[PDB]
Every structure is written in structure tokens, then in C-alpha cells.
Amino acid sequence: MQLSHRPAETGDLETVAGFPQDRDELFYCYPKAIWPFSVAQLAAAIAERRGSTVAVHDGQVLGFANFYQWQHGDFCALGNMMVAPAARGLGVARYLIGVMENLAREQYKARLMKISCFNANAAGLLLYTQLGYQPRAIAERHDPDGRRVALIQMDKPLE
């Protein structure tokens, strides 16, 4: 992958909003969203968040992420991590996580990145582990069906 990145733009929203393929994928990346996902839901997140970034390869937006929490000199928390269904497992998430780590360090002076990952998302848990994130706590949350899920709260120092 020759990958690049830039801030998210209005024109990207329809593409990015197409990434979650089912209600599980949507919950894992945006638990407050309601299925079906929409550009309006995506735009609302962007508005209340920081750092919304896309990853681009060969003219295609393949990934998106942002911060749902940010505390200058302290940390950021990565949110809305979405990857195009045709580009899963190819390094887009790894790439964007690296981008977001740099952004947290440089723009927020963060010492730590937090990532919270739902228990059912094994692929996320494994990736973040491979990227040097360590599990710190488990919180109870509830899915759209009112079922109890475990949110695994991980972090990583940035340097």
C-alpha cells in the first residue's frame, strides 16, 4: 500500500458512511450511532470531535478515524476507526493509527493514546495489541439489544 492521509472533507462522508457493513461493525466503531448509518450521523460526530482524518490509496478513501476525547499535554482517545470493506487486513488501520498517534503527539502534546475496543471485536483487539497497546480495564456497556458487552480499555505511551 502506497497510503496518504488528509483531514476529512464533506465530499468523503458518503464514502466513509458506507464502511460499516452491519450493526456489529457500526457498534464497534461508533456505539452511539443507530443503524442504518448515515452521512448526518457521521457529520455530527465529526462536528463534536477532533482530528477526523482519512487514509487514501490510489484515489480511494479507505479509512477514517478521529479523537472522541482529547486533553492537551495528556492523552487522546481514538474513535470512529472505520476501514473500507474491500481493504480490510491490508494495513489501513495500522497506518491510520500511526497517523493519529503522531497527530496526538504533535498537536495535543499527548503522552498516551487510549483505545477502547469491544470484546467481540477480536480483530481490533489483536491489532491494537500488535501496535503496542496494553489492556488496562474492562467496563460494562450495553449493545443495541440491551445485552451486556465488555469494553476493553487499552492504552499506549506515545513518547
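Note that residue numbering begins at 1 and tracks the sequence as displayed.
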| query | Looking at the deposited entry, does 150-158 or 2-10 carry the larger mean Cα B-factor? | reply | 2-10
| query | Between 119-127 and 103-111, which has the larger average Cα B-factor in the PDB entry? | reply | 103-111
| remark: Note to self: of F64, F67, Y30, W35, the C-alpha temperature factor tops out at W35
| note | Chain thirds by Cα B factor, record data; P144 belongs to the highest
| Modelled-residue ranking by C-alpha temperature factor, third containing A84 | middle
| Going by what the PDB entry lists, where does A47 fall on CA B-factor within its chain: lowest, middle or highest third? | highest
| task | Just say lowest, middle or highest third for the CA B-factor of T53 relative to the other modelled residues in its chain. | result | lowest
| request: Divide the modelled residues of the chain into thirds by Cα B-factor and specify which third, lowest, middle or highest, holds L90. | output: highest
